[PDB]
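Notes to accompany the following structure.
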Ligand SMILES: Nc1nc2c(ncn2[C@@H]2O[C@H](COP(=O)(O)OP(=O)(O)OP(=O)(O)O)[C@@H](O)[C@H]2O)c(=O)[nH]1
Ligand SMILES: Nc1nc2c(ncn2[C@@H]2O[C@H](COP(=O)(O)OP(=O)(O)O)[C@@H](O)[C@H]2O)c(=O)[nH]1
Ligand SMILES: Nc1nc2c(ncn2[C@@H]2O[C@H](COP(=O)(O)OP(=O)(O)O)[C@@H](O)[C@H]2O)c(=O)[nH]1
Ligand SMILES: [Mg+2]
């Protein structure tokens with residue numbers, strides 16, 4: 002059951018560097034690439050993310066794509082950079098310019114064939130292929146355009162597998178780019194048709210995690226990318242270690258998605274506490290569950306208290322009793338019964354894995370399907386309609402070649418997604 | 002089973018010098034001629050290419066011929082030049098003038114008798130003679146004219162042995178010589194009746210191999226001659242080392258030449274990979290077979306995808322399973338069935354040899370008889386008809402002595418062979 | 002990666018001297034083109050490539066041309082201290098000036114010299130592998146800068162096409178003045194510049210004089226001071242291509258974020274830590290303080306007040322020791338302010354860039370040494386006030402044909418005045434229409 | 001190929017150099033503070049005696 | 002210091018002390034800058050230890066099994082090696098070498114000579130009383146002193162090709178140290194300085210102070226040191242490669258310049 | 051516009067680039083002793099079903115939920131460690147104990163003469179420090195011996 006990773010754009014390559022450091026550490030892979038672990042439990046599932054090259058070494062099954070090589074030169078220069086296969090770095094000669102149309106139509110089609118050739122070689126090398134995993138930002142230029150182009154091509158070539166995405170979306174308070182609404186709208190339009198499950202993260206939520214929970218005085222992007230690498234490596238943990246109740250990406254999907262369009266999820270990771278306070282409180286299942294449902298620990302700006310949970314999933318790592326997990330999930334469902342949609346008799350799936358992340362006795366990652374995600378799309382649609390009525394900056398997109406009809410289609414599709422979430426939020430048995 | 006080598010012209014002498022360096026290295030022969038090897042397997046077939054001179058020494062069975070001594074004086078002055086027998090250097094006193102007719106009729110008959118005397122002494126010295134091997138370019142002057150003259154004399158005197166040629170053919174993008182079409186057409190006319198098997202290489206394909214596969218920033222003829230020396234020494238490797246499935250030049254010819262006039266082949270060698278990447282990927286039969294049939298690794302401008310394979314051959318070096326070789330050749334034939342000629346139930350012959358080239362775990366050399374070679378001859382015939390209709394440079398050839406009827410015969414004969422390929426390409430089972 | 006700078010006329014060459022002095026001192030190229038070896042680090046770096054190319058012997062030469070019709074200023078560059086740095090072909094000089102006549106530069110004299118300039122620019126563009134734009138420095142007040150700059154921009158626009166052209170232009174100051182015919186030349190220049198420029202940066206000498214009197218303590222400034230400030234601004238904007246940083250900004254990103262419609266491309270510029278060495282050690286210079294500074298009109302290098310208009314886009318470049326969280330907190334505080342207003346169709350008004358290299362200190366300079374700086378270029382409807390006042394002065398002189406016989410004698414039809422005046426009238430109406438808010442329903 | 005390797009090597013050396021210099025600067029600051037405290041205590045004792 | 006206690010002083014004091022404890026206690030491998038700088042300093046200190054070189058022999062000839070230095074005629078530097086500039090290759094481990102100035106004998110520049118068992122099939126064998134003397138045309142090995150490391154190293158070279166090039170200039174053959182030895186790629190042959198008397202002095206004993214040219218036996222390419230400069234942990238050092246350096250590139254076979262000549266340095270009497 | 055004179059002034063014209071140090075991941079997540087984190091590589095199934103009759107101990111539920119250690123089975127790790135020891139990355143240095151029949155790396159004359167004259171005191175003096183020289187195996191001879199076999 003092998004995963005293929007795709008890393009797109011500056012944000013994707015930067016998050017990927019820390020993710021592959023965390024995964025190489027958990028399986029005891031030296032930064033030179035040599036296996037140096039001390040138990041067979043580490044080696045027996047290394048195939049899931051690594052391919053085996055001769056004489057002990059392992060190489061990671063990932064494709065890195067970007068339009069300017071600056072970030073890739075930074076990751077190759079990083080402390081674990083040597084592990085990556087040189088042939089897996091694909092680059093052009095000019096930037097995306099923050100324009101979706103350039104990334105999708107003009108500079109995209111020149112490289113996309115070489116990217117598909119590498120992705121096909123990696124997929125066809127596996128004895129049994131599991132879904133693809135992609136991390137990219139929707140606000141950028143090459144991330145949005147080339148990521149959605151590649152997603153469309155892989156969905157044409159492998160329609161029976163799973164497509165999972167981790168995506169960065171613009172904060173509600175401060176923009177980093179003026180033309181963010183166009184890139185976000187077209188990317189969400191592409192994802193809702195092509196993707197099977199998509200997770201969304203706001204940088205503002207990671208800043209609030211760092212300042213409020215960890216009390217860091219001057220956080221940096223390295224901290225945000227470590228929190229993201231921790232949760233992303235946590236969701237897949239049951240695929241590659243033994244446990245009392247195994248789980249798989251398809252099993253999470255079957256329990257989380259009631260209808261095929263409702264595949265947008267919230268994320269959380271529980272054991273966060275400042276270095277001064279940590280000596281005063283031991284880890285236990287009630288503490289993890291209490292932090293798990295606190296909106297302070299959720300990595301998106303929308304808050305659950307304005308919505309209702311359709312479904313949620315919790316993956317626990319560590320040696321622990323099943324009774325405490327089951328009774329905690331029952332107690333949270335019974336005490337807050339008004340916040341769970343009533344026509345589903347049980348909304349939470351649990352899973353238990355024996356091996357925790359290094360340095361923690363226990364950990365849990367939380368995935369939530371909540372209707373409050375509709376508020377971000379509504380905000381993006383309002384800003385898009387304000388910009389579109391005056392056709393702001395439109396000549397860039399039309400000069401690259403886009404028809405105006407794509408903008409009206411993407412707006413209509415997001416409006417229907419918001420409407421569908423709002424109608425299921427207010428549904429009743431009658 | 003000994004081969005006699007002939008090196009003609011500048012290209013032939015330069016490729017030959019590098020070939021004899023590679024062969025002396027593989028059998029551990031010092032440039033002084035002393036054996037310095039470390040296993041009897043190296044020494045036990047040294048007779049195939051070397052004769053033994055008194056008190057330990059070995060001498061290489063090669064004749065060097067050229068019309069101006071500049072290249073010959075450079076190779077004799079070179080670092081390995083001493084190994085060659087002094088009486089084996091044959092040179093004249095005036096150049097070929099880059100003219101086929103001059104090289105064939107005027108200065109040719111003066112030297113040809115001395116070359117035949119040396120070649121007959123070498124052939125009649127053998128206890129059992131295997132085929133002759135000839136290296137020359139077709140675009141030059143003395144290589145084409147005097148090489149084909151010597152080939153005609155050897156075919157009259159030794160019609161039962163094998164005649165094998167390695168030949169350089171004009172690139173499709175940049176010419177090195179203005180009168181290339183005449184020399185090429187007359188030489189192909191001579192080889193079509195005289196040769197048993199002819200291999201063709203384009204310098205543009207070697208540049209594309211170096212830049213795309215090996216990523217050299219500034220390649221030189223030493224690299225191109227190394228690639229050629231590697232493939233030439235690889236085709237004969239099974240003649241001179243043990244293996245699980247032996248092969249021979251005559252067995253290759255019988256299994257690759259369906260009808261008599263079809264004796265022109267394309268060549269390729271698989272384990273080409275850049276020095277930085279080679280530590281990241283181990284050798285295996287699927288990887289060699291997939292790169293081996295990739296047109297990216299083929300040494301002619303015509304691409305197999307525009308034609309169909311009538312026959313093929315793969316020579317494998319190393320200790321490996323026969324099951325994987327057989328099942329790979331079946332899988333490639335079944336998946337790409339449209340590119341294989343239907344009347345033949347199996348188009349690929351395999352052979353396995355135990356001893357790989359130094360520093361590689363496994364290697365394969367590929368020989369293919371494809372109909373797309375017809376595209377090269379048609380292009381040469383078009384450029385020839387453009388020049389001949391206007392008598393562009395004919396006075397040189399007529400002044401040497403040719404009747405104009407030879408040009409119409411050579412054009413007609415070549416036009417026939419292209420049509421024969423056209424008929425066999427579009428033939429049906431019926 | 003690479004960028005070519007074109008300097009035209011007297012102001013453009015003198016500003017070029019300050020710019021190349023700064024680029025040499027920041028990369029470390031000696032005045033004779035050499036660059037000393039480093040013994041602490043094993044190998045050198047590619048950062049010069051944006052502005053310098055190396056010969057096989059390792060000498061550096063710069064990617065620039067200097068164009069003038071009078072020889073004197075270029076001969077001063079040829080005989081000065083940086084004589085060995087420039088290639089002699091790059092310094093192109095004619096015999097006689099355009100005498101404050103746009104007509105003399107465009108029709109009569111520049112037509113002979115323009116083909117040599119195009120041949121030199123072509124020879125530079127052939128020695129590139131990732132050219133990403135032209136930077137142009139000229140003054141629109143003089144004859145050769147306006148006329149030859151327009152003719153050359155037209156020829157470049159036909160030959161190279163889509164390649165970007167970013168201009169730094171010195172316009173006539175609103176009450177300080179140097180020549181009588183400045184309005185005619187500035188109007189006729191602006192007519193050509195409308196069609197053939199992607200972004201235009203506006204400068205006024207009266208603003209840089211105000212900035213050097215108020216913040217620095219200089220009672221009698223001269224053009225070298227203004228040119229050193231301009232060089233600092235250009236170095237801040239181009240640093241994003243040359244040094245490592247958290248959020249880089251390519252020259253195409255400016256055009257994508259700042260220009261909403263193809264004619265609305267004139268932008269205001271300002272710079273924050275203009276401070277003297279004696280004042281710098283009594284005060285902290287935090288991110289929020291310099292962010293608050295860039296929005297005060299006392300910080301601007303063009304004489305216009307942005308409180309009389311609406312912002313459409315802002316691009317903020319931070320260089321030095323800055324952390325993204327402080328930039329976000331500062332921008333959110335600025336967004337809270339009530340005296341800063343954006344057009345209602347531009348909700349996401351900001352672009353940010355963060356680079357780690359702090360600004361360099363020049364041996365004879367007057368700025369203090371500081372750990373961080375921010376530079377802003379912004380598009381605002383307030384710029385319409387500059388054109389209206391130039392157009393009014395043009396109308397005052399043209400009502401009586403005050404000097405037209407010079408222009409008609411040197412080759413221009415009288416109709417060209419009326420055409421240009423109607424084009425500037427249409428540009429004024431464009432700034433009126435784009436700035437109208439439809440926030441009120443019904 | 002050579003240019004990229006040279007760039008990577010320069011980046012790694014310069015990053016190591018910056019880290020070392022920062023650590024040494026912090027240590028020197030602490031040492032100066034301690035020395036100042038010690039000399040002032042000694043001066044007070046000597047004056048009293 | 003402590004500073005004023007306004008804001009987040011408590012948590013940052015705790016964070017700083019915990020970071021200090023982590024850095025002082027843990028090893029962290031190559032991530033820690035201070036530890037690797039200290040180990041490079043110890044590296045440089047170890048490599049430059051003095052060595053007791055042997056005195057010249059009474060007979061005045063070149064002898065085997067005696068510590069020696071190699072000096073170049075053009076650079077005037079001594080051949081040296083760096084054990085840590087090593088990369089793994091398909092043919093084995095390659096350790097880079099150079100030539101550098103030095104203050105005397107050291108563990109990085111003292112070598113011994115060991116004879117090879119086979120000659121070039123026309124050798125006139127030396128008499129039994131000249132077994133230890135080095136003669137022209139006789140192959141021999143160059144090896145490091147036993148005190149440097151556990152496995153002895155040897156001077157090797159490889160043929161030039163697409164995957165093989167010199168260290169800096171990339172236009173000549175590569176010379177490197179390797180634990181590989183007693184192979185056909187580790188044999189070297191010395192010749193005479195004067196070109197016209199080169200074949201008259203063949204198979205004759207070598208004087209202790211002769212200027213001579215060292216050739217790679219398996220490729221027939223002389224050893225050389227150019228003026229190209231590269232930096233490493235010791236400072237600026239030159240390049241070592243196999244190739245023929247001539248005045249006129251148009252005649253590659255001809256007179257050889259001073260950077261193909263070498264010498265052997267003994268201890269002062 | 052008088053130019054610069056000395057290299058020192060040109061050097062001090064540039065201020066050094068600022069450097070932001072990313073927080074170590076141990077400072078964000080670790081909860082135990084920062085200098086000695088416990089190792090948890092045990093599964094509940096391995097720790098529950100033991101061979102009590104054979105001799106290995108049994109574990110209480112509190113012991114199962116609160117025990118630190120590493121799983122006993124390490125066969126594949128041992129094989130990988132031996133292989134990398136032969137290659138040259140192995141710290142225990144499994145190789146160098148013996149040599150193959152036809153894979154010699156040093157002439158016998160080097161061992162007999164100029165190989166038995168090592169000074170142990172000098173070697174101990176020069177090895178004393180925080181740096182120890184590496185041991186590089188003769189992998190080339192080994193793979194050369196493997197290459198020439200049928
Ligand atoms: N900031 C600044 N302004 C300058 C500089 N030199 C000239 N100017 C201004 O630019 C205008 C004069 O333009 P010039 O460059 O002299 O005109 P020109 O290009 O020489 O045109 P001709 O006179 O026809 O040769 C006046 O407003 C000057 O104040 C300078 O070095 N810096
Ligand atoms: N969380 C996170 N966000 C990042 C990172 N790098 C960039 N971003 C954000 O992604 C957006 C910029 O997109 P970018 O990756 O540059 O787009 P691209 O130019 O197409 O690659 C901005 O919102 C940045 O704040 C990172 O390492 N982590
Ligand atoms: N690959 C390769 N091609 C060569 C070499 N030398 C010459 N050629 C090519 O052969 C052609 C010239 O033929 P040439 O040997 O000069 O003919 P000759 O004058 O009769 O000896 C041109 O296409 C050259 O590019 C060489 O060393 N290697
Ligand atoms: Mg002037």
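Protein chains in written order, with the UniProt record's numbering: chain A, 2 to 431; chain B, 2 to 431; chain C, 2 to 443; chain D, 1 to 49; chain E, 2 to 270; chain F, 51 to 200. We put the beta carbon where it would ideally sit given N, CA and C, even for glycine.
Pairwise C-alpha distance: residue j and residue i
i: residue 168 of chain B; j: residue 139 of chain B; result: 6 angstroms
i: residue 84 of chain F; j: residue 19 of chain E; result: 8 angstroms
i: residue 175 of chain A; j: residue 18 of chain D; result: 32 angstroms
i: residue 340 of chain B; j: residue 291 of chain B; result: 15 angstroms
i: residue 159 of chain B; j: residue 26 of chain B; result: 31 angstroms
i: residue 385 of chain A; j: residue 425 of chain A; result: 25 angstroms
Exposed unless 16 or more other CB atoms sit within 10 angstroms - verdict on residue i
i: residue 267 of chain B; result: buried
i: residue 111 of chain E; result: buried
i: residue 248 of chain A; result: buried
i: residue 359 of chain C; result: buried
Cross-strand partners of residue i (DSSP beta bridge)
i: residue 224 of chain E; result: E:243
i: residue 203 of chain C; result: C:170
i: residue 134 of chain B; result: B:6 and B:165
i: residue 189 of chain E; result: E:141 and E:217
i: residue 263 of chain E; result: E:73 and E:213
Supposed contact pair residue j and residue i - C-beta distance, whole angstroms, cut 8 angstroms
i: residue 354 of chain C; j: residue 286 of chain C; result: Wrong, their Cβ atoms sit about 19 angstroms apart, outside the cutoff.
* Asked: Would you call the stretch 275–283 of chain B and the stretch 368–384 of chain B in contact, with 3 or more CB pairs under 8 angstroms?
  -> no
* Looking at chain G, which residues of the stretch 70–102 of chain A have a Cβ within less than 7 angstroms of any of its Cβ atoms? -> No chain G is part of this structure, whose protein chains are labelled A, B, C, D, E and F.
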